[PDB]
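Listed next as structure tokens is one chain, alone, in the form deposited in one PDB entry.
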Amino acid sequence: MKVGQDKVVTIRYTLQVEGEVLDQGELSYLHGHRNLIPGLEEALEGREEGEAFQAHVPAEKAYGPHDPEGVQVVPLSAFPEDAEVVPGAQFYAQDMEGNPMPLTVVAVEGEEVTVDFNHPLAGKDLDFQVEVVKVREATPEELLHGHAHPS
């Protein structure tokens, strides 16, 4: 059948950003309930079961723009222990009032250590290769729960 609202869709995908493959796998999702990034859903909407295709998803319809205000230099002492002074390092530091914001080292040149509280894909455009494996109708529980079940 055709991918549409309230259908439980199983896709196998390859995610590539600016050249390299950052992710790849297979998942199931309830279509129409904001379970996927907007861009991605729009591209799947209408697709036939089995249909394969590619999709360019702008940061705007994915994980959003990069907020440079999200970058910041912090003292090594900020982290009272022994960890990493290298990029890629991600921490889940707490927000000044609530609802923590995971950060990521952007560099380390001595004491001046850069960090990023933006999504690791913020500011990036995503290029997907998709394959609609299974497309079934959602069950009452799924609809109530708002998510697809391993079933």
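Only the largest set of C-alpha atoms that superpose within 1.5 Å between the two forms is called the rigid core. Heads up: residue numbers just count along the shown sequence, starting at 1.
Note that the form solved in complex with a partner chain isn't included here; everything after this is about it.
Colleague: Using heavy atoms only and a 4.5 Å cut-off, determine which of 55, 52, 101, 108 is in contact with the partner chain in the deposited complex.
Modeller: So the residue touching the partner chain in the deposited complex, by this definition, is 101.
Colleague: Taking heavy atoms only, is residue 48 within 4.5 angstroms of the partner chain in the deposited complex?
Modeller: Residue 48: no contact with the partner chain in the deposited complex.
Colleague: Which residue, chosen from 48, 60, 112, 26, moves its CA by 2 Å or more between the shown form and the other one under a rigid core superposition?
Modeller: Everything else stays below 2 Å; the exception is 112.
Colleague: Look at residue 37 and decide if its Cα position differs by 2 Å or more between the shown form and the other one after superposing on the rigid core.
Modeller: The answer is no; the displacement is under 2 Å.
Colleague: Does residue 125 count as moved between the shown form and the other one, where moved means a C-alpha shift of 2 angstroms or more after fitting the rigid core?
Modeller: Superposed on the core, residue 125 moves its C-alpha less than 2 Å between the shown form and the other one.
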